[PDB]
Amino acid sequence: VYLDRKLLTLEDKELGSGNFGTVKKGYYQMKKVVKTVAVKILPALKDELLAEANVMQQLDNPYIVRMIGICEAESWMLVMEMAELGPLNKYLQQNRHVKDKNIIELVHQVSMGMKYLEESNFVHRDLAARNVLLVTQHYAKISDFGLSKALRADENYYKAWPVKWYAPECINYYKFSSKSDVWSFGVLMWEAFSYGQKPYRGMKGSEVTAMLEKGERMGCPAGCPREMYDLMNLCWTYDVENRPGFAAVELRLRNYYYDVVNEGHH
C-alpha cells in the first residue's frame, strides 16, 4: 500500500481540480511494467484521505477504480488506476452520437459495481455521473470513495450537501444506506440518458426538496427507453423498504441489456 515517491513521475499539468481536490496524471514503476496512474493530491484532512484509502484497500471488483497505493511526500497522495476517457458526464456531453445500447451497457456495469459494494456493506454516499470513470468507451468504473463508510454490523445505514443526488431520508434523517445509493443511482441514470446534463437544472436545493415532497420527479430524457425511465422512477421510490436494492436493479438492467443486444443482432 505505501508507495515510493522516487518511482512515481507526475505530469506537471493536472487533469483537473474542484470539490475533490486536485487530480494529476503520472506513471508508476511497478514490479516490471510501468503503469499510467491518476493521482489525487490532498490535519483531520490527512485522516480523510487515509480513511478513503482504507476503504478502497477493501474493494476488489472489475467496476470499481483500483487504488495502487498511497504516498506521503510533498502532499499525501492517493494513487489510482488511470481512466483515459475520464468522467462519464463530461464524456457524454462531448459524445452525443453514443448509442442507446452503449449507455445501457455502462450504467449496467455501474450497477454491477454497486451490487458488489452493497454485498460488502459499504455505502458510497456520492454516487453520480461525475464519479463514474471510463477506461474505454465500453468500460465504466466507480470512483471517489471520499464519503464512503463501512456499515456497522448491527445496522443497514450510516447516520451523518450534493442535495440533488440524495434520497428523502438522507435529507430528513441523515440516514445513508445502500437504498439511498439506489436513489442516487436513479439520478445517475437520468444523467447518463441525458448525455451528462446536470439534474434539476436551474433549481435550488430547497426547490428540489419541495418538488420531491409533492411526489414530483424529473421527466423522461429525450430518446430514453421507457424501460429505463421506469427503472429510474423505481429507484426514486419514497419508501426505503420498498425502494429496490442493487441486486434487483442490476438484474433489471442485465435483462434489458440482453434484450437490446438481441434486437441489434436482428
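The first residue of the shown sequence is 1; numbering continues from there. For the two forms, the rigid core is made up of the largest set of C-alpha atoms that agree within 1.5 Å on superposition.
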When the rigid core is fixed in 9 other deposited structures of this protein, C-alphas move more for 101-109 or 161-169; answer is 161-169
Per the entry, how many deposited residues between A160 and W161 lack coordinates? The answer is 4 to 9
Between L42 and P43, the number of deposited residues left without coordinates comes to 4 to 9
As the entry reports it, the stretch among 243-251 and 17-25 with higher mean C-alpha B factor is 17-25
As the entry reports it, the stretch among 167-175 and 110-118 with higher mean C-alpha B factor is 167-175
Max C-alpha B-factor within the set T36, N61, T237, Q197 falls on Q197
When the entry's CA B-factors for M30, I70, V208, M232 are compared, the highest one belongs to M30
Entry-reported C-alpha B-factor of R217 relative to its chain, by third, is lowest
So, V65's CA B-factor, relative to its chain, sits in which third? The lowest
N89: C-alpha B-factor third of its chain, per the entry, is the middle
Here the Cα B-factor of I103, set against its chain, lands in the third termed middle
Assert third(CA B-factor, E191) within chain per record equals lowest
